[PDB]
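Input: a single structure, listed below in structure tokens.
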Protein chains: 2
Amino acid sequence: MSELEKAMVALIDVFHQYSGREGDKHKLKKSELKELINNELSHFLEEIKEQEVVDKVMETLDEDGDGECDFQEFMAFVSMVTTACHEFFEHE
Amino acid sequence: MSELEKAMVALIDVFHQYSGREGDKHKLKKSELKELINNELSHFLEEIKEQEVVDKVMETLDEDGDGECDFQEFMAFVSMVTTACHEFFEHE
Ligand SMILES: [Ca+2]
Ligand SMILES: [Ca+2]
Ligand SMILES: [Ca+2]
Ligand SMILES: [Ca+2]
Ligand SMILES: [Zn+2]
Ligand SMILES: [Zn+2]
């Protein structure tokens, strides 16, 4: 089975709905990261009330330092959220 | 629904099975990228017979230039594969 076919499809929907919420048509704006953290990753990621973490997360994820998260690094954000929930249960 | 819960779970399985195939326990080695492209992304991504593209993809994905793809950029790879299948259908 292509487990990756589930993710690629599950994200293109949440990626385009948010990245496409505003901007040209495929770029992530803070109003999505903070809104996506409180709306999507709100069951696994605490709903930040201050973009502050979103200000720090961008410092760890923003590679071009654009203050925004294109699709290449935006995914890398879920990976940073997915990695914490993966190393935690596997805490040797 | 947390569509992202599907991806995070769908990847932790393919991410740990490959990233955990060899190495410490959570790092991606070429033997996974080329093997993951021919085994997982083989229905959407052509099965490369030459790591050559994997040699070029790493040049576009490897940020630390480690010749390997940690979990933060490894995900960014699927995003580069997911983005091509997302902008193609949305080719205005
Ligand atoms: Ca946007
Ligand atoms: Ca960015
Ligand atoms: Ca590995
Ligand atoms: Ca790297
Ligand atoms: Zn789009
Ligand atoms: Zn692991």
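Each chain in the structure tokens gets a letter, A, B, ..., in the order shown, and its residues are numbered from 1; ligands are numbered from 1 in order too.
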
Distance filter 10 Å, only C-alpha atoms, chain B against chain A, as a PyMOL selection string: chain B and resi 1-16+25-26+39-44+61+63+70-83+85-87+90

Can those selected residues be exported to a file as an mmCIF file, in the first residue's frame so that it contains C-alpha atoms?
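Resulting contents of out.cif:
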data_model
loop_
_atom_site.group_PDB
_atom_site.id
_atom_site.type_symbol
_atom_site.label_atom_id
_atom_site.label_comp_id
_atom_site.auth_asym_id
_atom_site.auth_seq_id
_atom_site.Cartn_x
_atom_site.Cartn_y
_atom_site.Cartn_z
ATOM 1 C CA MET B 1 -11.267 15.691 10.881
ATOM 2 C CA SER B 2 -7.475 15.902 11.394
ATOM 3 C CA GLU B 3 -6.396 15.033 7.831
ATOM 4 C CA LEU B 4 -2.887 15.754 9.164
ATOM 5 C CA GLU B 5 -3.350 12.900 11.675
ATOM 6 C CA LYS B 6 -3.460 10.552 8.680
ATOM 7 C CA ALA B 7 -0.208 11.888 7.212
ATOM 8 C CA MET B 8 1.671 12.058 10.512
ATOM 9 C CA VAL B 9 0.678 8.426 11.114
ATOM 10 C CA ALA B 10 1.150 7.329 7.503
ATOM 11 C CA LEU B 11 4.695 8.774 7.516
ATOM 12 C CA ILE B 12 5.875 7.679 11.010
ATOM 13 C CA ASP B 13 5.425 4.162 9.588
ATOM 14 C CA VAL B 14 7.242 4.754 6.283
ATOM 15 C CA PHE B 15 9.595 7.250 7.962
ATOM 16 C CA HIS B 16 10.667 4.895 10.780
ATOM 17 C CA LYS B 25 17.537 4.725 14.470
ATOM 18 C CA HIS B 26 15.978 7.815 12.804
ATOM 19 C CA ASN B 39 9.236 0.989 -3.549
ATOM 20 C CA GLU B 40 6.890 3.769 -2.276
ATOM 21 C CA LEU B 41 6.865 6.763 -4.656
ATOM 22 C CA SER B 42 7.174 4.289 -7.569
ATOM 23 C CA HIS B 43 3.543 4.813 -8.673
ATOM 24 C CA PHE B 44 3.840 8.635 -8.717
ATOM 25 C CA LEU B 61 16.916 19.170 -0.256
ATOM 26 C CA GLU B 63 20.345 21.860 3.725
ATOM 27 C CA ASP B 70 17.172 13.958 8.365
ATOM 28 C CA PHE B 71 13.432 13.911 9.205
ATOM 29 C CA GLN B 72 12.993 17.693 8.795
ATOM 30 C CA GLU B 73 14.185 17.788 5.162
ATOM 31 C CA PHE B 74 13.265 14.175 4.310
ATOM 32 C CA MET B 75 9.646 15.206 4.695
ATOM 33 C CA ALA B 76 10.475 18.285 2.636
ATOM 34 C CA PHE B 77 11.316 15.783 -0.136
ATOM 35 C CA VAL B 78 7.780 14.363 -0.282
ATOM 36 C CA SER B 79 6.623 17.997 -0.282
ATOM 37 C CA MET B 80 8.719 18.590 -3.402
ATOM 38 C CA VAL B 81 7.107 15.487 -4.896
ATOM 39 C CA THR B 82 3.701 16.439 -3.562
ATOM 40 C CA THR B 83 4.102 20.001 -4.857
ATOM 41 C CA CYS B 85 1.649 16.700 -8.395
ATOM 42 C CA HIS B 86 -0.229 19.716 -6.931
ATOM 43 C CA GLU B 87 0.921 22.482 -9.307
ATOM 44 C CA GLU B 90 -3.425 23.325 -11.028
#

Distance filter 6 Å around ligand 4, atoms: only C-alpha atoms and all ligand atoms, out as a count of residues only: 9

Point-to-point distance from atom CA of residue B:38 to atom CA of residue B:59, Å rounded to tenths: 19.6 Å

Go through chain B and flag each residue having an atom no more than 9 Å from ligand 3; for those, report the closest pair of atoms plus their distance in Å to one decimal, using only C-alpha atoms and all ligand atoms, ordered by chain and rising number, as a Markdown table.
| residue | atom | partner | partner_atom_place_in_ligand_line | distance |
| --- | --- | --- | --- | --- |
| B:15 | CA | ligand 3 | 1 (Ca) | 8.8 |
| B:16 | CA | ligand 3 | 1 (Ca) | 7.9 |
| B:17 | CA | ligand 3 | 1 (Ca) | 7.9 |
| B:18 | CA | ligand 3 | 1 (Ca) | 5.4 |
| B:19 | CA | ligand 3 | 1 (Ca) | 3.4 |
| B:20 | CA | ligand 3 | 1 (Ca) | 4.5 |
| B:21 | CA | ligand 3 | 1 (Ca) | 4.6 |
| B:22 | CA | ligand 3 | 1 (Ca) | 3.8 |
| B:23 | CA | ligand 3 | 1 (Ca) | 4.8 |
| B:24 | CA | ligand 3 | 1 (Ca) | 7.3 |
| B:25 | CA | ligand 3 | 1 (Ca) | 6.5 |
| B:26 | CA | ligand 3 | 1 (Ca) | 6.1 |
| B:27 | CA | ligand 3 | 1 (Ca) | 4.8 |
| B:28 | CA | ligand 3 | 1 (Ca) | 4.4 |
| B:29 | CA | ligand 3 | 1 (Ca) | 5.1 |
| B:30 | CA | ligand 3 | 1 (Ca) | 8.4 |
| B:31 | CA | ligand 3 | 1 (Ca) | 8.0 |
| B:32 | CA | ligand 3 | 1 (Ca) | 6.7 |

Produce a file of the selected residues containing C-alpha atoms, as a JSON list (two decimals), in the first residue's frame.
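selection.json, freshly written:
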[["chain", "number", "residue", "atom", "x", "y", "z"],
["B", 15, "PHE", "CA", 9.60, 7.25, 7.96],
["B", 16, "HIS", "CA", 10.67, 4.89, 10.78],
["B", 17, "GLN", "CA", 10.69, 1.77, 8.56],
["B", 18, "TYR", "CA", 13.12, 3.46, 6.14],
["B", 19, "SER", "CA", 14.90, 6.02, 8.35],
["B", 20, "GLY", "CA", 15.04, 3.15, 10.89],
["B", 21, "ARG", "CA", 16.09, 0.59, 8.24],
["B", 22, "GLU", "CA", 19.71, 1.44, 9.05],
["B", 23, "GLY", "CA", 21.82, 4.07, 10.88],
["B", 24, "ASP", "CA", 21.33, 5.19, 14.50],
["B", 25, "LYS", "CA", 17.54, 4.72, 14.47],
["B", 26, "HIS", "CA", 15.98, 7.81, 12.80],
["B", 27, "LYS", "CA", 18.17, 9.10, 9.92],
["B", 28, "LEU", "CA", 17.58, 8.72, 6.15],
["B", 29, "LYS", "CA", 20.39, 7.08, 4.09],
["B", 30, "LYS", "CA", 20.50, 7.09, 0.27],
["B", 31, "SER", "CA", 19.72, 3.32, 0.28],
["B", 32, "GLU", "CA", 16.29, 4.52, 1.51]]

DSSP helix (DSSP H, G or I) residues within chain B, as a PyMOL selection string: chain B and resi 3-19+30-39+51-61+71-87

Between atom 1 (Zn, counted along the ligand's line) of ligand 5 and atom CA of residue B:37 - distance in Å to one decimal: 23.6 Å

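Across the model, the gap from atom CA of residue A:92 to atom 1 (Zn, counted along the ligand's line) of ligand 6 is 10.2 Å.
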